[PDB]
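Chain residues, written in single-letter form:
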Amino acid sequence: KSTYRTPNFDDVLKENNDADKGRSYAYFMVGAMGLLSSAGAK
Amino acid sequence: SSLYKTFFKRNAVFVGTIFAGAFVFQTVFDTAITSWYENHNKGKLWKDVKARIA
Amino acid sequence: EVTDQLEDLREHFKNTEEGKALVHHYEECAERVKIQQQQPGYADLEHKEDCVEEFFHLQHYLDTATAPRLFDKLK
Amino acid sequence: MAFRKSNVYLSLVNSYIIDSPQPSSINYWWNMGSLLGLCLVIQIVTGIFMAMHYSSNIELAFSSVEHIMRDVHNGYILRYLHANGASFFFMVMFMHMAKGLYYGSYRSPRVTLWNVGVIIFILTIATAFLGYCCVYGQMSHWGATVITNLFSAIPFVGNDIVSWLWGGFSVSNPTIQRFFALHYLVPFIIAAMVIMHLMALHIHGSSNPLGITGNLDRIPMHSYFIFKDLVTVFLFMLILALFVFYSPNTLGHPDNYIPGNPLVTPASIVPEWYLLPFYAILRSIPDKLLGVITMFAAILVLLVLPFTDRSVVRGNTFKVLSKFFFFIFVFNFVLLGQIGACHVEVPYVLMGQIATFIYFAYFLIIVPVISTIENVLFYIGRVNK
Amino acid sequence: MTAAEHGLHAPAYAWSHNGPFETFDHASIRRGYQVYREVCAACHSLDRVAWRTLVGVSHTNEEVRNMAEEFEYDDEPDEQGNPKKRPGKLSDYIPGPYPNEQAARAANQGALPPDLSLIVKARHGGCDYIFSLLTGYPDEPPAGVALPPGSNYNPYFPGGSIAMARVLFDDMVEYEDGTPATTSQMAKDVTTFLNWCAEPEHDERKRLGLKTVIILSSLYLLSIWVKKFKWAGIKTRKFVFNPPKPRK
Amino acid sequence: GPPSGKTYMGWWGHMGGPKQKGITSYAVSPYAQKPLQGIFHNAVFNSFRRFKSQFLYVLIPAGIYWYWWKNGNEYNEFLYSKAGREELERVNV
Ligand SMILES: CCCCCCCCCCC(=O)OC[C@H](COP(=O)(O)OC[C@H](O)COP(=O)(O)OC[C@@H](COC(=O)CC)OC(=O)CCC)OC(=O)CCCCCCCC
Ligand SMILES: CCCCCCCCCCCCCCCCCC(=O)OC[C@H](COP(=O)(O)OCCN)OC(=O)CCCCCCCCCCCCC
Ligand code: HEC
Ligand code: HEC
Ligand code: HEC
Ligand SMILES: COc1c(O)c(C)c(C/C=C(\C)CC/C=C(\C)CC/C=C(\C)CC/C=C(\C)CC/C=C(/C)CCC=C(C)C)c(O)c1OC
Ligand SMILES: CCCCCCCCCCCCCCC(=O)OCCCOP(=O)(O)OC[C@@H](O)COP(=O)(O)OCCCOC(C)=O
Ligand SMILES: CCCCCCCCCCCCCCC(=O)O[C@H](COC(=O)CCCCCCCCCCCC)COP(=O)(O)O
Ligand SMILES: CCCCCCCCCCCCCCCCCC(=O)O[C@H](COC(=O)CCCCCC)COP(=O)(O)OCCN
Ligand SMILES: CCCCCCCCCCCCCC(=O)O[C@H](COC(=O)CCCCCCCCCCC)COP(=O)(O)O
């Protein structure tokens, strides 16, 4: 098996990448954690 | 989601959004939780007793 | 003429058959101790038989019964 | 190079919490160290902000604690965080030392790390005892009395040592004042020992739950174990918030809200919950001097541990009998705590003696014999002749 | 020990302030203060409860002021150094009936009545213990128990022999709101009042506990998401190995 | 600064493991990766596997010591009762 044949990631990849959707969802969740951390630190 | 990155692109407006969100969240969460904690204990607080005493 | 709630519940749960058998054991113990305390030499023995444990069984049954109902029947 | 690498101060922050090469297979049991650091910061900050309102006279100690819990704004938060966080500090430290015994982190080349850990453990027991005596309740006064009379057991010298500790003739005003000064002092020694602990760790890196090297697949500290420790930090704060706000006085003993009375002895004198195995070890020996020696030997027998583990593989992960006898040991330690919480009654004396013997037999007989048998069993299982 | 020295186990009464959301019953605290003042306060100090803590909790402002002005405290002395008294104010503490310990032991057959500021937090069982202590006196002790003279029996006290008298009888006080004041009613009221006296922070403690548990549970779930997010490059990582050419 | 002794962990570049060759890695960005796709079916079946392989080493010592504690506590509350007071007399002396 060559080193150019990438193994199977297809069970764990997104069916649609859409690089603003995924980054917006991730930054929304990180921002929610930062929101509640700011409230708790206050 | 959508194409709006005026909230997530720049870290200044992102951390300003997080601070404004927490500034609203403190007030809203405190008022809501005080209203629920007094609604769950209707009749036991001193407000109800002072309103009961003529 | 509103009597106390707790003795009402205590008499009501002394009147059940477990309460009747348990006060039967307790009154039997009390009669044992009452006939113990007339023979001479009772002032000078090694120990004394008492009904602390039968009274503990009776009192534990009664308040295990009457604990969840009492504050319902109170203001 | 980068500024986090070229600066003198940020190079330590880099090489400890940013670019530290961690083994990429470590589970959540390698998180109790960060959790103990957070809980130590909690203890120190609440200790300062609560010791701004504390007067350490013997006639004014208990009244000042109640002044904190009543008159100081949010003072109940401070005291309840402080006492229940000391309980969680010992619980996370017990879990951390159990992680040390299980995965074989005591073995070479990490003997210095294990010895500095045992020194931190002794200093933390000392800090908790001094701070519990600073409350000056009923249990505080009588526990201080019993522990210092245990120090009076020392032959030919001990009575003068105890009159030196007390600063008088019984547990009085100089005793409580010097316990407050020492109790303010010893956590900074604990912080210095923690920094020495991190140095002795950093010269070889963490272990891994397999017991093989981790030099092949290292991942950095930053974002990976930062957010994994953030997960357990939020879980720890959640459980601490439960036991502070909803049920604060569960872990404590209710006799500690009686003021300190030297005339009335309690019906059952018991330390706070985590010193009970050591109190059971000491109470199981029918002698005062041998009792004190056995109580300190029950911690020094952790120092004699890397020299008795004769297993050639690191850690109890892939070994059957060592894992079984490890959980025998853990539930024996819990049984020591529960024996110590009881009275000096039949059959708790005999069970305390058997439980102390199984403690010392695990540290001195069971580990080398089971490790030797497991080595020979691994050999003859796969070698044919 | 036997069960006699340990004392009988007080059962689980369903108080109106158990549970992680229920607060105190402040009308019950008001009636508990009335039963305190008319029964207990002949023989129990309450040394750690100031008058100002009752304002807005169980009584109004003028009620606490006109209850505190019935008592006399030590004023600063006059211009000739003579000691003088003054009526009470809001900043003083609730005074005990006894000037010192020896007067207490003289007036109560040697036994010292303990200060009740923390008595529901300094006994195992707590509220249930105090209620079962008050409503637990038998009409006569069980057969075979020789009480020392001057002492009384109830099984909930550790040892059986207590030096208290049965001091809750039917309708010895009158309530302001017209509640039927039986023994169990008064005992429930004073046990709620002593729970207030030991734990005046109880209401605010439970609501700040609600806020803190909600915020930390949300933070814990958000942090689980971010840990599963930033480790996704490492959980799904794969390794294949074709063994190299052995000539080198 | 002075040199130090031989450690068993170097740094990024000279870590000190064995030389490795022909072993290739493959990883995908987490922005194009869906997190927590493996919580359902995972927290059931993998958690049951992790419990089945690993529970009995915890359950047998807990069973032994809990049975021994329960037998001891039952014998305590026996011999400090009225029934076993003569046995308390003969084993306490
Ligand atoms: C008592 C007061 C202490 C206060 C300290 C607060 C912190 C408590 C720490 C407890 C602990 O560290 O145990 C870790 C133990 C081993 O972990 P592992 O790496 O082998 O499992 C990998 C996981 O599937 C990865 O899954 P993942 O990493 O994606 O998420 C892990 C989990 C976080 O939970 C925890 O950290 C422990 C509760 O996220 C969840 O999905 C939670 C769902 C509600 O976790 C377990 O999996 C449980 C195994 C039995 C342990 C019982 C403990 C009894 C003492
Ligand atoms: C003086 C010296 C101090 C001594 C301290 C004494 C012990 C203090 C008690 C603290 C509790 C800590 C428990 C032990 C912590 C280590 C356990 C552990 O490492 O978990 C992993 C273990 C096996 O997992 P593996 O790593 O082998 O998996 C590899 C996959 N092939 O997984 C397991 O086997 C299950 C782990 C379940 C933990 C059970 C904890 C029981 C806690 C006591 C309960 C008390 C109430 C009865
Ligand atoms: C001033 C700094 C200070 C530090 C640092 C500190 N404490 Fe304390 N601690 C106190 C004070 C003051 C008290 C007594 C007041 C109280 O108990 O609320 C106390 C009390 C205690 C108590 C008894 C709590 C109670 O009410 O029963 C324990 C247990 C304790 N400390 C443990 C620790 C541990 C463990 C550490 C750190 C490793 C620590 N303390 C660090 C100030 C401190
Ligand atoms: C008696 C044992 C012991 C005690 C007590 C102890 N440590 Fe450790 N600590 C260790 C060992 C062993 C390791 C490394 C184990 C391994 O990596 O396999 C360690 C590792 C650590 C780590 C690295 C992360 C980790 O989990 O390995 C930190 C951080 C740490 N300790 C901090 C502390 C702090 C803070 C305290 C309390 C003040 C403390 N330790 C008490 C033995 C101990
Ligand atoms: C006759 C005087 C007297 C009155 C009136 C009185 N007490 Fe007592 N009480 C005592 C004495 C004396 C003790 C001490 C008992 C002992 O030390 O054995 C005591 C002890 C107590 C105790 C602690 C018992 C223990 O074992 O710890 C409580 C609780 C208590 N009283 C509640 C009350 C309450 C509530 C009232 C008001 C209803 C009250 N008492 C009124 C004399 C009194
Ligand atoms: C192995 O990899 C590591 C690792 O290398 C490290 C370092 C850590 C982190 C561990 C720690 C940070 C633990 C070390 C703890 C300390 C050094 C304790 C330090 C705390 C103090 C010195 C006390 C704090 C003191 C203050 C904050 C002073 C300010 C306080 C007050 C009260 C001033 C207020 C007064 C006024 C007037 C406002 C890890 O968790 C870790 O695993 C990921
Ligand atoms: C996960 C938690 C996140 C929360 C964020 C807060 C965490 C903060 C943790 C900061 C940790 C810093 C403390 C570590 C420390 O003090 O160790 C210094 C030891 C340096 O010696 P070395 O490791 O051999 O380094 C290599 C040195 O030999 C280089 O020689 P030289 O340049 O002289 O350096 C010696 C420093 C002397 O200072 C000390 C204290 O030792
Ligand atoms: C000295 C005390 C030791 C306590 C041990 C605490 C161990 C965990 C510390 C967590 C620090 C998180 C910083 C991560 C970071 O900056 O990443 C930064 C940005 O990440 C974030 O913004 C995280 C969101 C905000 C989280 C705030 C958490 C505050 C609550 C802390 C509670 C404990 C004090 C870099 O992230 P990136 O490299 O992936 O881009
Ligand atoms: C509890 C700590 C025990 C001892 C362990 C030591 C570890 C300390 C960790 C401190 C981490 C945070 C320090 C950040 C400071 C970095 C700023 C800096 O280095 O800039 C420095 C200047 O620093 C200062 O002036 C003030 C430093 C005061 C720090 C007091 C906290 C820039 O200097 P530079 O490295 O570029 O050298 C060029 C020479 N002209
Ligand atoms: C300095 C170390 C202190 C760490 C405390 C952790 C223990 C958890 C219990 C905290 C309860 C005390 C706070 C409180 O009562 O707030 C209560 C609200 O609960 C919280 O938000 C606590 C969330 C904790 C988040 C931790 C963030 C990390 C901050 C690091 C320091 C900058 C009261 O809120 P309020 O006074 O009404 O604004």
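Numbering of residues starts from 1 on every chain and follows the written order of that chain's sequence, so it may differ from the entry's own numbering; residues lacking coordinates are omitted. To label them, take the chains in the order written and letter them from A, then take the ligands in the order written and number them from 1. Reported values pertain to the displayed chains only, which are themselves part of a larger assembly. Each side-chain value is derived from all of the structure's non-hydrogen atoms; neither hydrogens nor water enter the calculation.

- Regarding how it was determined, this PDB entry cites cryo-EM in its header, along with a resolution of 3.23 Å.

## Considerations on the overall build of chain E
- A tally of helices and strands in chain E yields eight helices and five strands.
- For the purposes of this entry, the term helix denotes a DSSP run of H or I that reaches at least four residues, the term strand denotes a run of E that reaches at least two, and both are numbered from the N terminus. For chain E, the succession of helices and strands along the chain, N to C, is α-α-α-β-β-α-α-β-β-α-α-α-β.
- We compute the radius of gyration over the C-alpha atoms and compare it with the globule rule, which gives 2.2 Å times the number of residues raised to the power 0.38. Against the 2.2 N^0.38 benchmark of 18 Å for 248 residues, chain E shows a C-alpha radius of gyration of 28 Å, more extended than a compact globule.
- A simple rule labels every residue: compare its accessible area, found with a 1.4 Å probe on the protein chains alone, to the largest value its type can have, and call it buried under 20%, exposed over 50%, or partly exposed in between. Going through the 248 residues of chain E one by one, you find that 49% of them count as buried.
- Contacts are residue-level and defined by heavy atoms, with any inter-residue pair within 4.5 Å sufficient. Taking all contacts inside chain E whose residues are at least 6 apart in sequence as the whole, residues at least 24 apart take part in 63%.
- About 11,800 Å² of surface is accessible on chain E, with carbon and sulfur atoms providing 54% of the total.
- Residues counted as positive are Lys and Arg, residues counted as negative are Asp and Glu, and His and the chain ends are not counted. In plain terms, the charge of a residue is placed at NZ if it is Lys, CZ if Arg, CG if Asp and CD if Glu. One way to put it: in chain E the 28 positive side-chain charges average out to a point 27 Å from where the 31 negative ones average out. All accessibility values rest on the Shrake-Rupley procedure with a 1.4 Å probe; residue burial counts only the protein chains present in the view.

## Points about the nonpolar core
- Formed by 163 residues in total, the largest nonpolar core has its most connected members in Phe278, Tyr359 and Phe363 of chain D together with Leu46, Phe193 and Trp196 of chain E.
- Considering every element that reaches this core, the biggest residue donor is helix α5 (residues 75–102) of chain D, with twelve residues.
- Where each domain starts and ends comes from a domain assignment, either automatic or drawn from a database. Built from parts of two domains, this core gets at least three residues from each of domain 1 (4–200) and domain 2 (201–248) of chain E.
- Side-chain atoms within 4.5 Å are what join buried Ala, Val, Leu, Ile, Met, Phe, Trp, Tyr and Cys residues into a set we call a nonpolar core. The next biggest cluster of nonpolar side chains, apart from the first, holds 18 residues, and it includes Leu130, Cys133, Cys134 and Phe179 of chain D.

## Re the site of ligand 4
Residue and element names in this part refer to chain D.
- Around ligand 4, a shell composed of 20 residues is seen, among which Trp30, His96, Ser105, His197 and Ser207 lie nearest.
- In the model, an oxygen atom of ligand 4 is placed 3.3 Å from a nitrogen or oxygen of the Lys99 side chain.
- Whenever two N or O atoms come within 3.5 Å, that pair is a polar contact, provided that in protein one can donate a hydrogen and the other can accept it, and provided that, for residues adjacent in sequence, both atoms are side-chain atoms. Contacts to ligand 4 include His197, whose side-chain N or O atom sits 2.8 Å from a nitrogen atom.
- Residue assignment for the shell around ligand 4 shows that the elements contributing at least two residues are α3 (32–51), α5, α6 (111–133) and α9 (173–202).
- The element that contributes the greatest number of residues to the shell around ligand 4 is α6, accounting for five residues. For this purpose, a residue is taken to be near a molecule or strand whenever a single non-hydrogen atom of the residue falls within 4 Å of it.

## Let's talk about the coordination of the iron atom of ligand 4
- A donor here means any N, O or S atom no more than 2.8 Å from the metal (3.2 Å for Na, K and Ca); water is not included, so a site may seem to lack partners. In this structure, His96 of chain D (NE2) and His197 of chain D (NE2) serve as the protein donors to the iron atom of ligand 4, at separations of 2.5 to 2.7 Å.
- For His96 of chain D, a relative accessible area of 23% translates into the label partly exposed.

## Remarks on the domain arrangement of chain E
Residue and element names in this part refer to chain E.
- You can read the domains of chain E as domain 1 (4–200) and domain 2 (201–248).
- The gap between the C-alpha centroids of domain 1 and domain 2 is 51 Å.
- Two parts lose some accessible area (1.4 Å probe) when they are put together, and adding that loss for both gives the buried area. When domain 1 packs against domain 2, the two sides together hide about 670 Å² of surface, and 45% of this comes from carbon and sulfur.
- Of all residues in domain 1, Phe21, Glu199 and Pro200 bury the most surface against domain 2, accounting for 48% of the area lost on that side.
- By salt bridge we mean one thing: a side-chain nitrogen of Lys or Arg within 4 Å of a carboxyl oxygen of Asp or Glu. For the pair domain 1 and domain 2, the interface holds one salt bridge.
- Residues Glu199 and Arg205 are paired through a salt bridge, measuring 3.9 Å at the closest nitrogen-oxygen approach.
- In this assembly, domain 1 and domain 2 are joined by seven residue pairs in polar contact.
- Three classes are used, and their members are as follows: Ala, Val, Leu, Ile, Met, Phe, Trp, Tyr, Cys and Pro are nonpolar, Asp, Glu, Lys and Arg are charged, and the others, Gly among them, are polar. Residue composition of the side of domain 1 that touches domain 2, grouped by class: four nonpolar, five polar and two charged.

## What about the packing of aromatic side chains?
- Aromatic pairing here means that ring centres of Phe, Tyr or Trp (its six-membered ring) are within 6.5 Å. Orientation follows from the plane angle: under 30 degrees is stacked, over 60 is edge-to-face, and everything else is tilted. In this structure the tally under the stated criterion is 51 aromatic pairs over all chains.
- Considering the side-chain rings of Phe326 of chain D and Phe327 of chain D, the 5.3 Å spacing of their centres and the 70 degrees angle between planes classify their relative orientation as edge-to-face.
- For the pair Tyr13 of chain E and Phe131 of chain E, a centre-to-centre distance of 4.9 Å together with 70 degrees between the ring planes defines the contact as edge-to-face. Placement of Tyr13 of chain E in the loop between α1 (3–6) and α2 (26–38) and of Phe131 of chain E in helix α5 (residues 127–134) is noted, with a sequence separation of 118 residues between them. Across the pair, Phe131 of chain E and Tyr13 of chain E agree in class, each one buried.
- Grouped by ring-pair contacts, the aromatic residues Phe90, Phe94, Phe121, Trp273, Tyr274, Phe278 and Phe333 of chain D constitute a single cluster.
- Taking the ring centre of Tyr28 of chain D as reference, the NZ or CZ of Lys228 of chain D above it sits at 4.8 Å.
- In our convention, an over-ring charge means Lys NZ or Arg CZ found within 6 Å of a ring centre and within 35 degrees of that ring's normal. Here the guanidinium or amino end of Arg31 of chain E rests over the ring plane of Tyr175 of chain E, the centre of that ring lying 5.5 Å away.

## Quick notes on the site of ligand 3
All names here are of chain D.
- Surrounding ligand 3, one finds 22 residues, the nearest of these being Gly47, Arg79, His82, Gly131 and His183.
- A distance of 2.8 Å separates a nitrogen atom of ligand 3 from a polar side-chain atom of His183.
- For the shell around ligand 3, the elements supplying multiple residues, two or more each, are α3, α5, α6 and α9.
- Of the residues forming the shell around ligand 3, the biggest block, seven residues, is contributed by α3.
- Along the lines of polarity and charge, the residues of the shell around ligand 3 split into 14 nonpolar, seven polar and one charged.

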